[PDB]
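Shown below, as structure tokens, is a lone chain in the form deposited in one PDB entry; questions about how it binds or moves come after it.
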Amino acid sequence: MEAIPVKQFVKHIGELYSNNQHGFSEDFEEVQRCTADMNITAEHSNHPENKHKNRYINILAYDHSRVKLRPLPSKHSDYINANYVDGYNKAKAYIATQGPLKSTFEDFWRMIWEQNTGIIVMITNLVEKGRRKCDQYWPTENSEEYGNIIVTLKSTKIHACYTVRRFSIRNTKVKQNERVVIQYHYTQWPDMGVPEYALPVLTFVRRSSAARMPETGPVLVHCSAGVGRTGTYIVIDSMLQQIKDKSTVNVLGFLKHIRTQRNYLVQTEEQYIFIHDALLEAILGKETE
């Protein structure tokens, strides 16, 4: 299980697809098993005081990697369902977290402030197929207040497949001190089935990733549970970095690694395949533009 040279990778993808994606299934089953001999504690996620702070009862934040909120003058005011996740050759390049609940909006923005996060990647619509996926944690227009954090919508650009909102946030208890936070929001989600083409996602990963500023906190990435699409984004982005750096790809190895940092990152085989399609589009896209 070593890195694959980028020039062999698309051929590798052919092989994984063949015979009704038998190879993909092997890979992903291996991913899902890669935790079998690992007990990873999530005591805080399971504490009675924090239960209401978890969007899904089965989706937890591993203790060792969990993002800690600075405590408040409550023993469990430190908790949010969120984990640091490695990027390519970079520890804690991301915070992967659930779509925030109304009840955790203040925690959410406090984390962004405390972690010096400058970019949000939102990979879900608030509602999908009639179902509630995420609560709106930003102002529709002008300003909204969440605890000591006041968020102001400055500008929006609505593209075909995603939306960029530029906020300025201010901490009232500081002096206030103001930061730019940009939210990249992928908006194109089919009423039936799942997204079919990787190219628009590739473009979205490229632009939202290039927006990262030195030297800032980790990029915040969420969907609904903050594992499936969230994991998918992180692997694609990271592998694009590896390709740029070393002209090699290691999807299976990298994914098994980050699976120790938040449960279920890249949740389905179809997402796993999608990662490969995006990288394929990046590889084939070069040398032929």
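Only the largest set of C-alpha atoms that superpose within 1.5 Å between the two forms is called the rigid core. Shifts are known only where both forms have a C-alpha. Numbering starts at 1 and runs along the sequence shown.
Form deposited in another entry: not shown, discussed below.
With the two forms fitted on their core, the C-alpha shifts between this form and the one not shown stay under 2 Å for all of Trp189, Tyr88, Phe105, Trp138 except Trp189. In a rigid-core overlay of the protein, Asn46 has its C-alpha displaced by under 2 Å between this form and the one not shown. Shifted regions between this form and the one not shown (3+ consecutive residues, every CA moving 2 Å or more on the core fit): 35-37, 189-194.
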